[PDB]
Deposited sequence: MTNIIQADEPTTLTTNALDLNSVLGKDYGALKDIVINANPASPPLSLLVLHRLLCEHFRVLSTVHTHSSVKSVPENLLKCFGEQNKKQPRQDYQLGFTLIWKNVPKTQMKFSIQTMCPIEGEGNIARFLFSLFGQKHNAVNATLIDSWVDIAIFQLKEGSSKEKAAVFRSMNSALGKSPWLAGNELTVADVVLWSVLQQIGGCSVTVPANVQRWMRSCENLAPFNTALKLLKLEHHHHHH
C-alpha cells in the first residue's frame, strides 16, 4: 500500500514518537522498526528523558540521505506502559506495545478478511494478556495453543508472517521451559529473519 491517508483531518504521517521504559525494553517494537526500515526510509533517533538516569549503552545505540518517508523517535522515559504519539504533544497517547505493534505493521498494507484480521489480533492479545504476566499454568496453556495452530500453519495466523508472529515471539524472549516442536520450529523460522535476529542482539 504505502499510502498516507492514515489521519483523516490532520496531515499525512511523518513522525512517530514512542516513549518506552528502559527497565522494560519493547523488543517487539525494536523488531518492527527493523522491519519498517526494509520497506521505508526511516530517520531514527533515540532520546533519554530528564526523569531517567543511566540508560544502558545497548539501549542508547539501538538504532545506530535526501529525504525520509518516516521519522522514528524513541524516547526512553519512566513510563508504566509504552506510548505512541504523532506530534510533539498530545492528550490521549496510544498505550501498550501490542497496540503500537498493530499500527506499525499495518503501514505495510497487507489486508486481511474480517476473520483473519481478528485472529491476528487475538494472538497479539494472548501474548500481552496471558503469556506476558502469566503463571506457568498459563504459560503452558499458551504454548499449547500455539503448537496446535503451528501444526496447521507455518505462521501463527496463516501462511504469511503477521504482527501476531512478531509480538508473541518478542514477548517469549523476555520471560522452567518445555517447548513443543511446532513452536520450536516457528522460533527458528523467525530467528532466521534479519530483523528479528539483530534486535535480539541489542538486548544482549
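Residues 1-18, 83-89, 201-203, 233-240 of the deposited sequence have no C-alpha coordinates in the structure.
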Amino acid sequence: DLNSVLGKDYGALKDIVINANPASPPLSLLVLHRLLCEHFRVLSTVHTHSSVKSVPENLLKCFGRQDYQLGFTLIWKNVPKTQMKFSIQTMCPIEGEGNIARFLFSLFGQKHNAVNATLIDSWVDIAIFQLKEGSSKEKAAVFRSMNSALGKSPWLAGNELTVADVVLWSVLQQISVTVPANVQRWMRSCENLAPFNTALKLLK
From here on, numbers count along this sequence of modelled residues.
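Averaged over Cα atoms, the B-factor as recorded in the entry is higher for 4-12 than for the other of 193-201 and 4-12. Stretches compared: 86-94, 113-121. Higher mean C-alpha B-factor in the entry: 86-94. Sorting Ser54, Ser170, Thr48, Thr45 by the CA temperature factor given in the entry leaves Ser54 at the top. When the C-alpha B-factors of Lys152, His33, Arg41, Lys139 are ranked from the entry, the top spot goes to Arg41. Sorting the modelled residues of the chain by their CA temperature factor places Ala157 in the middle third.
Residue-level temperature factors show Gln174 in the middle third of its chain, judged at the C-alpha atom.
The entry lists a Cα temperature factor for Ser135 that places it in the highest third of the chain's modelled residues.
Sort the chain's modelled residues by C-alpha temperature factor and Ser148 lands in the lowest third, per the entry. For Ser28, the recorded CA temperature factor ranks within the lowest third of the chain's modelled residues.
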